[PDB]
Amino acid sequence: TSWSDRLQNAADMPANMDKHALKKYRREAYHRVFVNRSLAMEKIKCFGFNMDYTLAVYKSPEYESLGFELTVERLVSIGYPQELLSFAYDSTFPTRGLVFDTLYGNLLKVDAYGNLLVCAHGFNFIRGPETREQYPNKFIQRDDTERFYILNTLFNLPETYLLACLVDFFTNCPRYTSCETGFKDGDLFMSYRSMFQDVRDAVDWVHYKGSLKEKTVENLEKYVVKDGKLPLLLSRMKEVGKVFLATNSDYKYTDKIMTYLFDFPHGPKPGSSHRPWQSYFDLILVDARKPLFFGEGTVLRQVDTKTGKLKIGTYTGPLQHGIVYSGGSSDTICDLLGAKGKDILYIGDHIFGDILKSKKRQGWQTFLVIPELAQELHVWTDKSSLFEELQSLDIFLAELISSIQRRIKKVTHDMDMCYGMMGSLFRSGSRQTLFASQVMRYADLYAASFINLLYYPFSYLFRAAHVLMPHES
């Protein structure tokens, strides 16, 4: 049971719009909206969305496994050895948000301060003492972007596993010599850094020039969660505010995906006329180039929706019914929809490119969709006894012996393994990950799906407890 299985099971349910059924529904953890900062929904004037993994939720592990296969094939096509063809995607290995160290070829899980929580070289998990040879302070400077790449997106899940596969393969293949910073094959040296860049390039190529989009749209049922409640919630949002889409995807792909997402024999509610997906949006913008979109952006273009090509020149007209935009910036949205920053709730899945940047650069309010949470929640509640025991050991150790330090590592390992080989997205044991820290700081609201907003009344006030400084308590 993957996280997309949870979402697709909740998706197959019809909406019961009785008030009491909703309030009782939204108290169960899986359909809940979680709150980092209070947010008065009645002050929201525009609801905004990206598409990938928000409106269009890609099924797991099928879609990661497709991306992995096509990326492997691209690497082999450019000259990587045939043995790559024998890899097979394994969803139990990668957790999202790991850091790849291009100097030493390691996947790292770190906390908000760059402290190492997990270190794997290939599939070899390096215990604390042995990491100190390469990380004397058990610490990395994350902002050294020449060395470290943070695998922040669900799209990064195939390459997270692929990088470990590659390191494992070359380490154990007798034609190569392992070195501190890469592999030597006689008179060719492949550094982990250049190997890493080939992987990034091949992922980019699969998405832009390869066949991933084509293979997706030819079996959308296999690859995309479909939920009749999506047009219901969008319709309700449009009753109390304006609705816009700002996606990095092109129009042709967006049009195929969105058409599939709205393809029911009815409109918002069963028994109503079907309406095209564009009618649910006051503003549609593609080729957004986020996060640049939240700074100066690019020139505003107009899509010729008949042909799928951009018209020639910069678009200087007003907002019109049926016009589709390309590029521009977040000021385009605010100007054309007459909204100020905090009037906008932006719903996205990119912790950096959607949430952090719209919050910091524009003062937008934010809803982070976290797909894996639909399954992380289930592990969390089923194994609460593990975590409660860890909390209890932490408190006992503090009151103090070394027998307890070993019990702490044992429980920590046993808890993490329930999530995968790389542990929970949000923590390793009692130590929070960087990703968890970013969620709390930049996502005002978050949830496994934004559909969970359907179970809250129109002017609900999401509430979070105020923060007090230690000396204020």
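So that there is no doubt, residue numbering starts at 1 and follows the sequence shown.
Would you class the number of unmodelled deposited residues between residue 400 and residue 401 as none, 1 to 3, 4 to 9, or 10 or more?
Going from residue 400 to residue 401, the model skips 10 or more residues of the deposited sequence.
With reference to the PDB entry, specify whether the mean Cα temperature factor is higher for 365-373 or for 235-243.
Higher mean C-alpha B-factor: 235-243.
Which is higher on mean Cα B factor in this entry, 303-311 or 286-294?
Higher of the two, by average CA B-factor, is 303-311.
In the PDB entry, which of 179, 99, 395, 164 has its C-alpha at the highest B-factor?
Out of 179, 99, 395, 164, the record gives the largest C-alpha B-factor to 395.
Among 68, 442, 30, 446, where is the Cα temperature factor highest, going by the PDB entry?
If I rank 68, 442, 30, 446 by C-alpha B-factor, first place goes to 30.
Looking at the temperature factor on the CA atom of residue 255, which third of the chain's modelled residues does it land in?
Ranked within chain, residue 255 CA B lands in the middle tercile.
For residue 388, return the chain-relative third of its C-alpha B-factor as stated in the PDB record: lowest, middle or highest.
Within its chain, residue 388 is a highest-third residue by C-alpha B-factor, going by the deposited values.
Report the third (lowest, middle or highest) to which the CA temperature factor of residue 57 belongs, ranking only the modelled residues of the same chain.
According to the entry, residue 57 has a C-alpha B-factor in the chain's middle third.
Would you check the entry's CA temperature factor for residue 204 and let me know if it's in the chain's lowest, middle or highest third?
Its C-alpha B-factor belongs to the middle third of this chain's values.
Chain third (lowest, middle, highest) by recorded CA B-factor, residue given as residue 349
Ranked within chain, residue 349 CA B lands in the middle tercile.
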